[PDB]
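Encoded as structure tokens, the following chain is the form solved without the partner chain, with no partner shown.
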């Protein structure tokens, strides 16, 4: 599913993302926008370590979800990676939270570092009433 901007913000806010471990709703919006285009079906293979990023947050098969294809893997979210390719994003929300409870926080995602960090991101929630 391709969420609409304000529809995703309200969905993420309903599930407690706004302010989570310090992270504003807008920064989650920005991450998802550059990771997937708000598309729960996005995917991206990584040839360096033969892992794959899954879903609306591009969560990686090495450390966070099991896809049965990735060497040296752990399943820190205890999820089939295919659970992160589903129209319902409750599971993906739970796994993004689990990712950011580690020390480096939202810095886990490179694209967030390059596209969102230290940048104005109000554009993501302006006019959504959240």
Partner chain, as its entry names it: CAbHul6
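Residue numbers count along the first chain shown, from 1. Take the two forms, find the largest set of C-alpha atoms that superpose within 1.5 Å, and that set is the rigid core.
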Core-aligned Cα RMS comparison in 4 other deposited structures of this protein - stretch that moves more, 22-30 or 40-48: 40-48
Selected stretch [higher average CA B-factor]: 89-97 or 29-37: 89-97
Per the entry, higher mean C-alpha B factor between 20-28 and 102-110: 102-110
Highest-ranked of 82, 43, 46, 70 once sorted by CA temperature factor in the record: 46
Chain-relative CA temperature factor third for residue 130: highest
Among modelled residues of the same chain, the CA temperature factor third for residue 121: highest
Ranked against its chain, the third holding the CA B-factor of residue 56: lowest
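One more form of this protein should be noted, the form deposited with the partner chain bound, which is absent from this view; the next part is about it.
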Stretch 72-86: residues contacting the partner chain in the bound PDB entry, 4.5 Å heavy atom cut-off: 76, 77, 78, 79
